[PDB]
There are 2 protein chains.
Amino acid sequence: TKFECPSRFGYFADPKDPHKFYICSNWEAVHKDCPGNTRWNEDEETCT
Amino acid sequence: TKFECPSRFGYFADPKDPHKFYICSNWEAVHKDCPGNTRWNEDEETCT
């Protein structure tokens, strides 16, 4: 992905899809899907 | 027994829960959750 990790490690929203998110480790992002019909919850750092 | 850091800095599996892990900084640990239904991936030091 061309998503740019804002930090070396962390979980970040996908600005293009509220049903997805990115997990960064050592500045490398992996695109993930929220389970079921859940959506990224910024303050919870998970899908709700 | 309280998790003991194996290294000064590092990311380590939680042997009790595949959804959790520990982050070590200056030999002190913080217990963390993986997001969504992801699970800790030791080899890649990330949630997968």
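Methodologically, a virtual Cβ is constructed for each residue, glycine included, from the backbone with ideal geometry; neighbour enumeration extends over all protein chains shown. None of the figures in this text is laboratory data; all of them are computed from the coordinates on show.
How about region B:5-32: which of its residues are outside any strand (DSSP E or B) and of a type in the set (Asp, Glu)? It would help to see each step written out before you state the result.
We begin by selecting, within region B:5-32, every residue outside any strand (DSSP E or B); these are B:5-9, B:14-19, B:26-27.
B:14, B:17 - these are the residues of region B:5-32 that are outside any strand (DSSP E or B) and of a type in the set (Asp, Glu).
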### Query
Between a first residue in region A:1-15 that is without any contact (Cβ under 8 Å) to a residue 40 or more places away in the chain and under 19 Å from residue B:36 (Cα atoms) and a second residue that is of a type outside the set (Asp, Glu) and in a loop (DSSP other than H, G, I, E, B), which pairs have beta carbons less than 7 Å apart while being 6 or more apart in sequence or on different chains?
A:5/A:27; A:11/B:35; A:12/A:6
### Query
Counting only residues that are surrounded by 16 or more Cβ atoms within 10 Å (Cβ to Cβ) and among the basic types (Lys, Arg), which one in chain B is farthest from residue A:5 (Cα to Cα)?
B:20
